[PDB]
Structures are given as structure tokens and as C-alpha cells.
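Asks: Have a look at this one before I ask anything.
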2 protein chains.
Amino acid sequence: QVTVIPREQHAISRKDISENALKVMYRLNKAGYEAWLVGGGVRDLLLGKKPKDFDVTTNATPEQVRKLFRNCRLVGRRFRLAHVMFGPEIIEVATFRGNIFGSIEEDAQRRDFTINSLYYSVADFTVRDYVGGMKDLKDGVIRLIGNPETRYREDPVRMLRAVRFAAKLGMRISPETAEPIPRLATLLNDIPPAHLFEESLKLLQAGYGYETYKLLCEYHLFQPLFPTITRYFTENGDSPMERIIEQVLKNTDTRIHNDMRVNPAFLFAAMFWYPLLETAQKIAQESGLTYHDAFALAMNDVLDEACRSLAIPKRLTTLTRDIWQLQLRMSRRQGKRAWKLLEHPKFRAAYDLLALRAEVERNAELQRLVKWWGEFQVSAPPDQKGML
Amino acid sequence: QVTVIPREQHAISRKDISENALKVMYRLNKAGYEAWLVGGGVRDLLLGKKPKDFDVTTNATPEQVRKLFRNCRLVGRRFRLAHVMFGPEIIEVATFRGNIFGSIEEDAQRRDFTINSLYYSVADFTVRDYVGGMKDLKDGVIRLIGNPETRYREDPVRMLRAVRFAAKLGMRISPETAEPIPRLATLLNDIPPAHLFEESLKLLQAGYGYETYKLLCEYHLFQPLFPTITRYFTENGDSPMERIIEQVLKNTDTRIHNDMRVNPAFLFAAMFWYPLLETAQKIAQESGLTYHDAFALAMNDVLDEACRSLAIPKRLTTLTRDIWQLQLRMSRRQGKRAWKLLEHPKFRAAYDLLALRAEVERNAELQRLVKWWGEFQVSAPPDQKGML
Ligand SMILES: [Mg+2]
Ligand SMILES: [Mg+2]
């Protein structure tokens with residue numbers, strides 16, 4: 001058991017890679033308080049990689065953190081936890097917890113996993129490890145902190161997080177941490193769908209999506225979130241839907257690493273596609289009506305019951321409705337309206353779906369439509385005219 | 001002589017082809033004033049096409065108009081002319097003019113051209129013609145009202161208008177109205193660059209551009225507006241600049257006849273391109289700087305001289321510079337920095353310009369970066385990955 005690591009034993013964590021929340025700590029340190037660097041950032045630093053956040057903690061009460069910074073720009077609210085602003089770097093300043101506000105050792109125990117629970121002191125260049133930490137981090141192990149059994153019951157979402165970190169760093173989940181998930185997964189249904197929607201994005205949409213879906217599938221965590229989707233999985237292994245989902249995820253992933261921006265309205269529009277299509281089949285051959293009005297129904301429903309687990313915001317659903325709408329429109333080869341279409345704000349997305357639709361089905365009459373719209377959109381107006 | 005023409009014998013501008021700004025004439029009629037439809041609208045109606053506006057004129061004081069329409073959504077300001085709103089519809093309601101104002105006939109005289117000064121009443125279905133009006137309409141003639149010489153001096157923009165209508169409608173400028181133009185052309189230099197900008201757009205961007213240019217050139221009206229460009233014309237008639245200024249105008253025109261949003265800042269960035277290219281190279285030898293630094297100066301230069309005639313908005317000058325800059329970036333066979341580029345807001349315009357640049361110079365080198373970028377921009381991240 002090693003509770004304090006000296007800077008000369010702990011990987012660089014060189015004071016010079018800490019941007020300047022340094023100013024935020026030195027200020028506290030000057031005032032008879034303690035300033036520690038917790039969680040995400042301090043993990044990464046030890047890891048070698050570049051911190052994306054810098055969060056700090058202190059034995060200073062939240063009203064004591066208030067006075068010391070009444071002159072600075074403090075962004076809003078939140079019990080405990082204060083928000084400091086430079087600009088394109090905001091710094092989180094949280095008071096230790098335990099009756100309510102306690103010690104560093106106390107605070108370490110209410111933190112979900114090991115590595116995300118290392119602490120750094122500018123004041124002593126030491127990192128504090130009241131937990132597995134340093135070893136877990138070295139061995140590459142996502143270990144939970146209290147008794148898995150009970151923690152997952154208090155906050156089930158911890159279970160999702162477990163996988164998420166599992167995929168983003170190349171690490172494995174501790175056996176005792178792993179055992180309970182498949183049994184307890186269903187517990188995510190007692191979760192406010194909104195909260196789930198956030199974690200759906202943190203999982204797929206943060207550029208690890210593919211590896212995180214593999215892990216979400218291997219622990220039956222995928223199913224409580226996307227029941228409309230699980231249902232159309234197949235024994236064989238790789239139907240058209242099961243291919244698209246992999247692909248859109250690998251791509252959504254590639255875009256993030258090349259630093260593109262990305263549409264979440266898209267990722268859903270892709271994944272629920274084939275289900276929408278299936279529901280269009282049954283809706284038409286049964287209860288016989290036109291394919292158009294049928295399809296329209298399939299949307300409301302697919303989206304209704306999906307929106308029953310994740311709470312997709314009215315905004316995204318409505319763009320999705322459009323990316324699907326375009327799928328039909330683009331299908332019928334025709335003229336004049338084409339300009340009207342190319343103009344559509346969600347066109348770029350709609351094209352990228354048709355892209356997938358044709359890659360996965362390997363249906364060459366789509367890949368046909370795909371070359372046509374490919375050329376119609378990079379082509380200049382005299383030739384655009386000639387294509388109709 | 002032939003001053004009042006009845007519903008049957010006029011190309012029945014049928015009461016049914018008036019947008020319910022009929023509701024606004026009615027309140028005026030019902031209330032004891034008369035109310036007539038003028039110009040823009042009544043001209044297109046008699047011609048058959050769908051009007052783009054409906055302006056009504058009345059003999060109510062601007063003060064009496066203000067009172068009668070209190071219950072209404074009347075958008076403010078501007079002596080005389082009064083404005084009324086509905087949905088996507090605004091209805092211009094101006095008093096007649098003449099101490100200041102008086103009889104319908106007194107008004108017809110301060111209007112610039114014949115055809116735009118026909119009057120229609122829904123109260124009688126008669127159109128009043130107190131000028132060549134009807135006959136000129138039939139004959140296909142833009143004819144100034146009073147004494148050309150005097151009027152063009154009173155307002156030089158009447159000159160541009162004349163050439164604009166000439167081009168948009170398909171008709172000839174009457175002799176007595178054409179003679180003074182080439183002489184008085186310069187007169188435009190005495191006018192705020194603001195106005196010249198406004199009108200510069202009604203001429204080239206309204207989707208008649210090309211024809212309106214063939215005219216602006218044939219009347220030495222082009223030069224006062226684009227000193228910088230005129231200077232670069234060539235007797236041959238086939239320099240790459242001249243080709244481009246034609247093409248871009250044609251293309252802009254096509255865009256407008258297929259209801260596309262058109263970019264103002266593109267147009268300019270296309271015309272001045274070659275003057276920018278030229279002023280650049282001259283700065284390159286005349287004063288041995290790197291080409292990259294040279295260029296940015298040349299941008300500054302080309303822009304102030306043009307700003308010296310047209311009051312181009314700081315808004316649109318930023319966009320233009322950006323479109324041009326991208327022209328260097330896209331030339332370097334850039335690697336992974338490309339993703340960032342693909343993302344630029346302006347990239348579509350930059351691309352559309354590299355587009356032309358290849359088409360007019362009939363260069364193969366460039367024609368390649370066009371085929372390349374054409375693909376990289378529609379490909380999927382797998383494919384796209386590869387290309388780099
Ligand atoms: Mg944070
Ligand atoms: Mg008007």
C-alpha cells in the first residue's frame with residue numbers, strides 16, 4: 001500500500017503540462033487551502049497523453065471558494081463545485097465530500113473508478129493514491145471502488161461508464177467489477193431517459209463508438225438503451241443493419257479523430273434506418289396503404305418507442321425525420337426539384353446515408369444513385385443543367 | 001389621347017391574379033379615397049408573368065393613411081411611402097406626388113419609365129395610361145419620361161435602371177433615352193458608393209447579369225462602377241478575365257432561375273480574381289517578397305480601389321478574401337490538413353471558383369485539382385482516408 005508518490009517516481013506529470021489552472025491553485029494555496037488535481041486530467045498526464053480537462057478539489061468550503069474569487073468570472077450554480085472562466089479553458093473547483101464536506105481520503109471514495117481517482121498537488125509535486133490507482137493504471141484495469149453490487153444499484157449509469165472508459169483507454173474491466181453488469185443491466189430502465197441520452201452520446205459519439213459498441217454488446221448494456229434495435233439482430237451475425245451500425249460507428253469515429261465535427265442526428269438516422277424500413281413493410285402489406293403514408297407512420301412509431309429509452313430532443317428527431325424523407329426523394333430519378341434538394345441543409349447527411357445504404361447492401365443500383373448524386377453536386381451549373 | 005383602357009381590351013390584368021393587397025385597396029376605397037396599383041406589378045401583369053410585388057398608390061395624406069390603418073401591422077418610417085405587413089407579404093402604400101402632392105396625373109410624371117407607370121384600379125378594372133405606357137409595353141420599349149438630359153442629371157442612377165429594365169424585360173432602349181447615356185455615364189461618380197453597391201446587385205445578381213453586362217458595357221456604364229476591371233479589358237476580347245466574368249454571370253443567372261441561394265461575395269471574388277492575380281505578381285517582382293506575403297498585400301490593394309466606387313460591406317470583403325486564400329491552400333497538395341479545409345464555410349465557393357479557373361484557362365494542371373477535390377468532398381471517410 002503506497003499512499004504518496006513523489007514526483008521523481010511518478011511519470012513526469014511535469015508541472016509544465018498543466019496549462020493554467022495553476023493560477024487557480026496557487027491562489028488557493030496562498031490562502032491556507034489545499035489544491036489538488038483530480039481525475040481525468042491527472043490520469044492522462046501519468047499516462048503520457050494530453051489532458052482534456054483540469055478539475056481541482058480543495059478543503060475550502062464553497063462559500064470560502066466564493067470569497068476568494070468574487071473578483072473573478074465564476075460561471076453559475078451547482079451545489080458544491082464552482083466554475084472558473086478564462087475562456088476556451090474553464091476550470092472546475094470542487095470541495096471535498098464525505099457530514100457533507102470532508103477530507104481528501106473521504107472524497108476519494110465516492111469516485112467511481114480507480115484511475116479516475118488519482119490526485120496531484122502543485123504544492124508538493126506528489127500524487128495521492130488512497131485506492132488501487134497507480135497499479136490499476138499501470139496494469140491497465142478499470143476497477144470500481146466500493147462494492148460493485150451496491151454502487152451499481154445506487155447509480156446504474158456507473159455501469160455504462162465502466163464500459164466507456166474500458167473502450168477509450170485500451171483497458172480491461174476487473175472481474176469483480178465485470179461480473180454484476182450483465183445481471184444488473186436491466187437496471188438502466190429506472191433511469192430518466194434524458195440522462196441516458198447523454199451517456200448514449202458519450203459512448204458512441206466521442207470517437208470510440210465502435211469499440212464501445214463491442215463492449216456494450218458483450219455485457220447486454222446495448223439492449224436496455226436500444227430495444228427497438230436489438231430486436232432486429234440475427235443469429236447469423238451480420239445482416240444489413242448489423243453492418244451499417246458497425247460502419248457508421250467506425251466512420252463517426254474516423255471523423256472525430258481527424259477533428260471533423262459530427263451530426264448526432266445522423267448516427268441515429270443510420271442505426272434505426274433498417275428498422276424504419278421493416279416497419280414500413282409490415283405497415284404496408286398489412287393495413288394496406290400507400291408506401292409514402294406508410295413510411296411516414298413507420299417514422300412516428302420507430303421514433304416514438306425509441307424515444308422511450310433515450311430521450312432524443314425534438315431537435316434531433318426532426319432532422320432525422322428529414323434525412324429519411326430525403327432517402328425516398330433522392331431515389332426517384334428526376335430533374336428540376338434536384339436544385340431545391342441539393343440546397344437542403346440536411347442533404348449532405350442524407351447523401352452520406354444513401355452512401356452507407358449502398359455500401360452495406362452492395363446493391364449496385366443504389367451505388368448507381370450514389371455516383372449520380374456524387375457528380376451532380378461537385379459539377380458546375382452548366383453541367384448540372386445537362387444532367388436533368 | 002388614349003388615356004383610359006377597360007378590362008376587356010387590356011390584357012385583362014384579372015382581379016384574381018392580385019394578391020390580397022386587395023384587402024388594402026378596399027379599406028381605402030370603402031373609406032372615400034381612391035387606390036391604384038402601379039408599375040412593377042401592373043407591368044408584369046399586362047405582360048402575363050407573375051408580379052413580384054404589389055405597390056399601391058393613393059391620394060390620402062400620408063397622415064390619413066396612418067390613421068385608417070391603426071389596427072394594422074404597419075412597418076414604419078419614410079416620408080410618404082407607407083408599409084403594411086401580413087405574412088411573407090408587404091404592401092407599399094404611397095401618396096401621390098405633385099404644394100408637395102396632388103392629382104393622379106401629377107404623379108405619373110415623376111416616375112422614371114413609361115411601362116412602370118401604368119395605373120390599375122380594382123374599383124373599375126380600367127388601367128389609366130398617361131404616357132406612352134400601353135403602347136411602349138406592346139412595342140417593347142424602355143423610354144424615359146420627361147427630358148432625358150435633365151432627368152439623368154437630377155438622378156444619374158435612372159441611367160442604370162434604364163439599362164437594367166432593358167435587359168430583364170426583353171426590350172430596346174428608345175433612341176431619345178439612349179443618346180445621353182454614354183456621355184453622362186461618368187455622372188455616376190458623384191453618387192455615394194452605397195447606392196452604387198445596392199444597384200450593382202440589382203443588375204448582376206437579379207438573375208439577368210450576363211445580358212445586363214452586355215449592356216453596361218455597350219453604354220460605358222460599366223466603367224464608372226468597376227474601374228479596376230475595365231482597366232484590364234483587352235481588344236482581342238478573350239482574356240481569361242473576360243471569359244470568367246461572362247461565365248460567372250451566366251452561371252449566377254442559372255442559379256437564380258432554379259431558385260438557389262446566391263452568394264454576393266462569390267460574384268466579386270470571381271470578377272476581381274485576375275486583377276488580384278495580376279496586382280499580385282507585379283508586387284512579387286517589383287519588390288522581392290515571398291508570394292504568400294505579396295498576395296495578401298495585393299488583396300488589400302484590389303479591395304480599396306474597388307471600394308472607391310462600390311460601397312462593398314465589410315461583411316462581404318471578409319468572405320471574399322477567404323475564398324481567395326483557399327485558392328492557395330487548395331493548390332498545395334495538402335495532406336491531413338485537408339479535413340479542416342473541407343470544413344471551411346466558404347469551401348463550396350472556393351471550390352466553385354477553382355472550378356471556373358480551370359474552365360476558362362483551359363489549363364490541365366488546375367483541371368486536376370478540380371477532379372481531385374471533386375471526389376475527396378463526396379467520398380466516405382474510408383475512401384477519403386485513402387486519398388491522402
Ligand atoms: Mg469535467
Ligand atoms: Mg418596391
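Naming scheme: A, B, ... for chains in displayed order of the C-alpha cells; residues 1 onward per chain; ligands 1 onward as shown.
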Please run DSSP on the backbone and report, as JSON, numbers by chain, all residues within segment 66-265 of chain B that come out as helix (DSSP H, G or I).
Replies: {"B": [66, 67, 68, 104, 105, 106, 107, 108, 115, 116, 117, 133, 134, 135, 136, 137, 138, 139, 148, 149, 150, 151, 152, 153, 154, 157, 158, 159, 160, 161, 162, 163, 164, 165, 166, 167, 168, 175, 176, 177, 178, 180, 181, 182, 183, 184, 185, 186, 187, 188, 189, 190, 193, 194, 195, 196, 197, 198, 199, 200, 201, 202, 203, 204, 209, 210, 211, 212, 213, 214, 215, 216, 217, 218, 227, 228, 229, 230, 240, 241, 242, 243, 244, 245, 246, 247, 248, 249, 250, 251, 252, 253, 254, 255, 256, 257, 264, 265]}
Asks: Within 9 Å of chain A, which residues of chain B are there when counting only C-alpha atoms? Please give them as a PyMOL selection string.
Replies: chain B and resi 250-252+254-255+258-261+336-337+339-340+343+348+351-352+355-356+370-371+373-375+377-382+385
Asks: Looking only at strand (DSSP E or B) from DSSP on the backbone, list the matching residues of segment 101-277 of chain A as an MDAnalysis selection string.
Replies: chainID A and resid 113 119:121 127:128 141:142 144 172:173
Asks: Generate the output file for the selected residues, N, CA and C atoms, as a short mmCIF file (atom, residue, chain, number, x, y, z; two decimals), in the first residue's frame.
Replies:
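Result written to out.cif:
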data_model
loop_
_atom_site.label_atom_id
_atom_site.label_comp_id
_atom_site.auth_asym_id
_atom_site.auth_seq_id
_atom_site.Cartn_x
_atom_site.Cartn_y
_atom_site.Cartn_z
N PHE A 113 -14.30 5.06 -10.47
CA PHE A 113 -13.22 4.10 -10.70
C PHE A 113 -11.86 4.52 -10.18
N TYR A 119 -4.80 11.99 -7.41
CA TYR A 119 -4.73 13.42 -7.08
C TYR A 119 -3.31 13.99 -7.22
N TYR A 120 -3.21 15.23 -7.71
CA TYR A 120 -1.91 15.91 -7.86
C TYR A 120 -1.88 17.24 -7.13
N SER A 121 -0.76 17.50 -6.45
CA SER A 121 -0.56 18.74 -5.70
C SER A 121 0.55 19.54 -6.31
N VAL A 127 1.59 12.74 -5.94
CA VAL A 127 0.26 12.23 -6.25
C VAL A 127 -0.20 11.27 -5.15
N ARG A 128 -1.44 11.47 -4.71
CA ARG A 128 -2.05 10.69 -3.64
C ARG A 128 -2.91 9.57 -4.20
N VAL A 141 -6.34 -1.44 -15.99
CA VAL A 141 -7.51 -2.09 -15.42
C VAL A 141 -8.56 -1.11 -14.92
N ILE A 142 -9.77 -1.25 -15.42
CA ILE A 142 -10.85 -0.42 -14.95
C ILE A 142 -11.44 -1.09 -13.75
N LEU A 144 -13.75 -0.84 -10.20
CA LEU A 144 -14.65 0.02 -9.44
C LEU A 144 -14.17 0.17 -8.00
N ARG A 172 -8.91 -3.40 -19.66
CA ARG A 172 -9.90 -4.43 -19.32
C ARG A 172 -10.56 -4.18 -17.97
N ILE A 173 -11.79 -4.65 -17.85
CA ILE A 173 -12.52 -4.48 -16.62
C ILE A 173 -12.18 -5.58 -15.64
#
Asks: I'd like the interatomic distance between atom CA of residue 231 of chain A and atom CA of residue 328 of chain A, to a tenth of an Å.
Replies: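 Rounded to one decimal, the two atoms are 24.6 Å apart.
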Asks: When you look at residue 180 of chain B with a cut-off of 9 Å (counting only C-alpha atoms), what residues show up, excluding the ones that are within fewer than 6 positions of it in the same chain? I need them as a list in words.
Replies: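 Skipping anything fewer than 6 positions along the chain leaves residues 148, 149 and 152 of chain B.
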Asks: Selection from above, C-alpha atoms, as a PDB file, in the first residue's frame, can you write it?
Replies:
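Printed below is again-v1.pdb as written:
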ATOM      1  CA  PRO B 148     -33.673  62.532 -70.568  1.00  0.00           C
ATOM      2  CA  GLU B 149     -30.812  65.035 -70.328  1.00  0.00           C
ATOM      3  CA  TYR B 152     -30.315  61.786 -65.732  1.00  0.00           C
TER       4      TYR B 152
END
Asks: Please extract the residues at most 9 Å from ligand 2, counting only C-alpha atoms and all ligand atoms, and provide them as a PyMOL selection string, using the chain letters and residue numbers of this document.
Replies: chain B and resi 40+53-55+91-92
Asks: Store the residues of this selection in a file with C-alpha atoms, as an mmCIF file, in the first residue's frame.
Replies:
data_model
loop_
_atom_site.group_PDB
_atom_site.id
_atom_site.type_symbol
_atom_site.label_atom_id
_atom_site.label_comp_id
_atom_site.auth_asym_id
_atom_site.auth_seq_id
_atom_site.Cartn_x
_atom_site.Cartn_y
_atom_site.Cartn_z
ATOM 1 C CA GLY B 40 -43.591 46.793 -61.089
ATOM 2 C CA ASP B 53 -44.591 42.934 -55.771
ATOM 3 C CA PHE B 54 -47.718 44.984 -55.433
ATOM 4 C CA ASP B 55 -47.334 48.668 -54.695
ATOM 5 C CA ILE B 91 -47.646 46.186 -49.416
ATOM 6 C CA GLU B 92 -46.238 49.583 -50.375
#
Asks: At a cut-off of 12 Å around ligand 1, and using only C-alpha atoms and all ligand atoms, what residues come up? Please write them as a PyMOL selection string.
Replies: chain A and resi 37-41+51-56+81-83+89-94+116
Asks: Between atom CA of residue 33 of chain B and atom CA of residue 50 of chain B, measure the distance and give it in Å to one decimal.
Replies: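 Going from atom CA of residue 33 of chain B over to atom CA of residue 50 of chain B covers 27.3 Å.
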